[PDB]
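Just so we're aligned: 536 in the authors' numbering is position 506 of the sequence shown, and the numbers increase by one with no gaps anywhere.
A short worksheet on the structure shown next.
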Amino acid sequence: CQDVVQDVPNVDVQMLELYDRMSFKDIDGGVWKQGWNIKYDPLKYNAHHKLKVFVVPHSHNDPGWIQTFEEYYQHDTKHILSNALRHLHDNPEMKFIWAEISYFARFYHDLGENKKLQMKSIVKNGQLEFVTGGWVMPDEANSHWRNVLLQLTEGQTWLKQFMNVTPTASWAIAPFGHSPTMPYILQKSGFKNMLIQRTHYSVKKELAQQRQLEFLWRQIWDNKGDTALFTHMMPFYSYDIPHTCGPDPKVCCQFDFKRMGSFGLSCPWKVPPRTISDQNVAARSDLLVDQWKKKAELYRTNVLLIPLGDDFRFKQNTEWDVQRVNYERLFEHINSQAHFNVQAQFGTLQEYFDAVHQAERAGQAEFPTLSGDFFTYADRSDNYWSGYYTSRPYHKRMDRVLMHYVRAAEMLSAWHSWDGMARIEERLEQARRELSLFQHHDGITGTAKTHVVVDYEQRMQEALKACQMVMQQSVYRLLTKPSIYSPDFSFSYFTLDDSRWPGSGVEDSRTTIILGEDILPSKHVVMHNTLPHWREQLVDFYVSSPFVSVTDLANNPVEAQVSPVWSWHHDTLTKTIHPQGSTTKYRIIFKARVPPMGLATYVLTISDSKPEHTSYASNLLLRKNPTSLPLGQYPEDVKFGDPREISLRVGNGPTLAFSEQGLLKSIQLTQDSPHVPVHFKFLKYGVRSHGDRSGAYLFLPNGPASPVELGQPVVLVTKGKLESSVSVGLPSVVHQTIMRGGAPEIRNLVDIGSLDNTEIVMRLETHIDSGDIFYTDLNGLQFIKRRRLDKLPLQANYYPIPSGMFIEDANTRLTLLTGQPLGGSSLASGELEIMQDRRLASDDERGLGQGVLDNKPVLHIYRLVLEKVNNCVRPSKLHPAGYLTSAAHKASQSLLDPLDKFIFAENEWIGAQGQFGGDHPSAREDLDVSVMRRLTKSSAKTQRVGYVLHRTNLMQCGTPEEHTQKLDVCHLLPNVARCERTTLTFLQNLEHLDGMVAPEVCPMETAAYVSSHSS
Ligand SMILES: CO[C@H]1O[C@H](CO[C@H]2O[C@H](CO)[C@@H](O)[C@H](O)[C@@H]2O)[C@@H](O)[C@H](S[C@H]2O[C@H](CO)[C@@H](O)[C@H](O)[C@@H]2O)[C@@H]1O
Ligand SMILES: *[C@@H]1O[C@H](CO)[C@@H](O)[C@H](O)[C@H]1NC(C)=O
Ligand SMILES: [Zn+2]
């Protein structure tokens, strides 16, 4: 295994280093507004050394943005694809590339067989080429790597089945900045080349000057280079035709033949295209070849990529003709005039890359190595696209919830083969496709119109119901005596109970377990653990009595805590925000112990008085002017006091101190240790009243944030043996700190209400001497070092926080893990901050055509880990990566992949069993089974199950936490007959494994295995 900590890679371009050196001046470059006037030596090309030009027609099709997926399909995309089929069929030299398989699948299944055959033939002959082949062209900032892989797999599995092709070149012209997670996944999925576009204009200029726009993109920790993927960065401001022929858009626009008027389009530079004729083809060719040779100056080979397309292009037959016939006339002239020394043709993306690598192998170029990312994007001036790290945070959180239930549904159902009547594959396919769709760069990003957001939400809600169905059917099968099992595949044997989605205060969706002497004495509940190690975790349920005790299915008592059900109300009569307690339902909490990838059953039983093994939390309401809080049968009376500082400790865990406003002020890790200052604060950013306005994409604050005025908020303290909390009703946020004996959990119920032109930020203030350094993750996969740059504006120092962030000095680290992607930064030494929501009245001129005025309450979740790190083996000061500790990693897992909870729906479960998976290996803590997916339907004689295994890298800090069992996924199901290593999509076998054993993977590596079973 390569060491991902101690060896700093030697790369030609390291993006953090480049950032430190670059001046980012925004000067007028001339016709290339963000560049310079390019010059070329005309004698560079000659008869023995020609410029080879590939014009690559394309059409950018958003799977929802300003219209829904289905609306765009009906209005635009079905016509684009129908006319592509006809036009390519009839014009054999014409070419076209296609990226978004969601749309292509939607189209193809509506074709008659004759047209399906015609379509297969233009793909097989290379006229129509799929690029990337994902379901969508995903966002790269907010998306989790697991869902990037999911959508990639969804599209490529479709393409292999129906088109018999697997793309090896990726096309990502539209995400708002770019992540190294993409080449990581793509390189492990058979890819050889990728293309990107939306990078900071200053980066484009810098790399163009050095001819470093094509590079071997490796991971930041990769000393050897085995992760490298050849990458092409386009050089100009847009992917449209004016910005793809060359540096002068006034000239390039004249070669977009849809802009002569009858299509309703024109050239903003005020010179229209003219139809090519024999009288003008020489002059027109001179202009165009000059543009091409200038673009070629920015690259190292004599092979040039010229994209030819724009959003929802190639719709009308007349548009196909006007582009094709004019370009054909240009190519005939240019290629026959030896003095240009050019050979130009329509091509595909793979044709371009193949020709580049032929030039490379001929010794005509050597490419630089690069590591780093391409965040935060700015397309012009100070317009940094850090707003979309937060926009529409409800749906960002929903993404993470659905991510987990897709994993859990696929895993739980994979253990068996299912009859088709069970509709398992149907429901899983729907769930995967709806989550996959949402990875679009207008989905999870929060950059779509209101009604489109609603469509994505409705789709995801259906997907969650599909996962629930599959999960609960699977639990019933896994835990019922086989000779008793009698399934009705439409029935709900269990319902899922989720304490954090949509959340208390967002939706009252949880079911109470109703027990009573005259109705039902007890209830079975089941926990699932998707992670491949034993886990203990507190779980809670709502119950109709406080006098409830818990047993395991050996009837062993389990210690439990009962607490009230508190809900917060904005009392419009008193103009305060305060909690009310239920008088008929209560929360019971207990520790569930669940096998690796397994299930555990418990029983809740009512009694007529306090049970021996159940304790009751105390409750203290801090506010002036209190009024009573009755709690029905709950046996401890609420206590009241004036606001005051208070401290809490659960178990032998940290002691937390809180201000009189209910906000953390310090953490004491152990009995004698210092009370370390760690202060939460809520602040507000506003919007500029002159110049450019913040919107869904852009964050353009009117200076540093101002503190939220808190008034005298009401504080609720619950103190229990198993779980304690401090909750406070602040303006726009019910803020909660929860303690269970380790790192606290933070929950924010965020309701920005009608606060227009406001962004609410949560900041942590410490004494940690972090300087200008902080760490943020990329797609939940890796942590990258950030350096705050005072030469850039505030919004430029905001980065995606898809799963966590930290600051550290020599001795102390503070890590904030998130259950949802949000934007954040460290704007001063010792600080962390993360945006909660944003409400914006203006459009920000990027095409959305609305503000963000559709906010809804969202429950954001976090873990806060303060640690001593002086004994940890960390990377050197020059290394661009950072790594989590064990405790921080486990805290992230507790947010993203919690135990699932199931409540048996009927009164009696006949044949119930206590556990599943007790013989599953308990793997080392850094290893995960990211995906378990049965790949075959029940009719297949040889069943196949796919696994994706990911090993992270945790710091060595002198805490072994060892003896663990080897995990061989190929022996998790019986009767294995073959085990193969595959690409991450499962679509190509890479190694036949001896002994049918799937080895574990190296730190920071991800591998896929497929086991086959005879059984
Ligand atoms: C404001 O319209 C202009 O920009 C939008 C940009 O849409 C892309 O980028 C946004 C972010 O800015 C992203 O959210 C979205 O997914 C898209 O990737 C363009 O849609 C239009 S193209 C439009 O008008 C062109 C000029 O007339 C025409 O050539 C094209 O075919 C379309 O009709 C525009 O550039
Ligand atoms: C799929 O593509 C490959 C390569 O051209 C070819 O061998 C095979 O005949 C095609 N059709 C299949 C495998 O069904
Ligand atoms: Zn787009």
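No residue lacks a Cβ here, since even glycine has one placed at the ideal position from N, Cα and C.
- Between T274 and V61, the alpha-carbon positions lie close to 14 Å from each other.
- Residue nearest to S736 within the set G683, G692, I790, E753 is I790 (criterion: CA-CA distance).
- Boundaries for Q502: no beta strand (DSSP E) harbours it, while the alpha helix (DSSP H) harbouring it runs 480-508, taken from the DSSP string.
- Straight across, the Cα-Cα distance linking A389 with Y382 is about 11 Å.
- Residue pairing by DSSP places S579 opposite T635 in a beta bridge.
- In this structure, ligand 3 has a non-hydrogen atom nearer than 8 Å to the beta-carbon of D92.
- A residue is called buried when at least 16 other Cβ atoms come within 10 angstroms of its Cβ; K695 meets this threshold and is buried.
- Remark: the shortest separation between the CB of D472 and any heavy atom of ligand 3 falls under 8 Å.
- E955 is the residue among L1003, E955, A171 whose C-alpha sits nearest the C-alpha of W564.
- Straight through space, the alpha carbons of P168 and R963 are spaced by roughly 22 Å.
- Sixteen is the threshold: when 16 or more other Cβ atoms of the shown chains lie within 10 Å of the Cβ of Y616, as they do, the residue is buried.
- The beta carbon of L844 sits closer than 7 Å to the beta carbons of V708, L794, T796, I798, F836, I837, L862, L896 from its chain, once the five residues preceding and following it are set aside; these are given in chain order.
- Excluding sequence positions up to five before and after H79, its CB lies within less than 8 Å of the CB of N332, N371, all in the same chain and listed in chain order.
- Residue pairing for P87: DSSP places it in a beta bridge opposite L338.
- Nearest neighbour of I96 by Cα position, chosen from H105, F137, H88, turns out to be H105.
- Each of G533, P512, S513, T541 was checked against the Cα of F524, and the nearest Cα belongs to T541.
- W598 and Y138 have their C-alpha atoms spaced approximately 51 Å apart.
- Using a C-beta cut-off of 8 Å, the stretch 441-455 makes no contact with the stretch 908-920, since fewer than three inter-stretch Cβ pairs fall below that distance.
- Relative to the non-hydrogen atoms of ligand 3, the Cβ of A204 comes within a distance shorter than 8 Å of at least one.
- Cβ contact annotation for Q148 (same chain, cutoff 8 Å, sequence separation greater than five): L115, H119, in chain order.
- Taking 8 Å as the cut-off, one finds no heavy atom of ligand 1 near enough to the beta carbon of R723.
- Taking the Cβ of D341 as the reference point, at least one heavy atom of ligand 3 falls within a distance shorter than 8 Å.
- Annotation: the continuous alpha helix (DSSP H) that includes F99 extends over 99-102.
- A Cβ-Cβ contact shorter than 9 Å links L400 with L246.
- With a cutoff of 9 Å on beta-carbon distance, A726 and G854 are scored as not near each other.
- Between the beta-carbon of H558 and that of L929 there is about 6 Å, and that keeps the pair under the 8 Å contact cut.
- The alpha carbon of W175 has as its nearest neighbour, out of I336, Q469, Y231, the alpha carbon of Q469.
- Taken in chain order, the complete beta strand (DSSP E) segments of 3 or more residues contained in the stretch 865-899 are 888-898.
- The shortest C-alpha to C-alpha distance from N586 to any of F571, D601, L550, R623 is the one to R623.
- Cβ contact annotation for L811 (same chain, cutoff 6 Å, sequence separation greater than five): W175, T211, in chain order.
- Under the three-state reduction of DSSP output, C1009 falls in the strand class.
- A distance below 6 Å between beta-carbons, with the five flanking residues on each side excluded, links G772 to the following residues of its chain, in chain order: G683.
- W448 has its Cβ no nearer than 8 Å to any heavy atom of ligand 3.
- The C-alpha of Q32 lies about 9 Å from the C-alpha of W251.
- By the Cβ test, the stretch 1004-1014 is in contact with the stretch 1023-1032, since at least three Cβ pairs between them sit closer than 8 Å.
- Setting aside the 5 residues that flank it on each side, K222 is surrounded in the same chain by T198, each with a C-beta closer than 6 Å to its C-beta; the list follows chain order.
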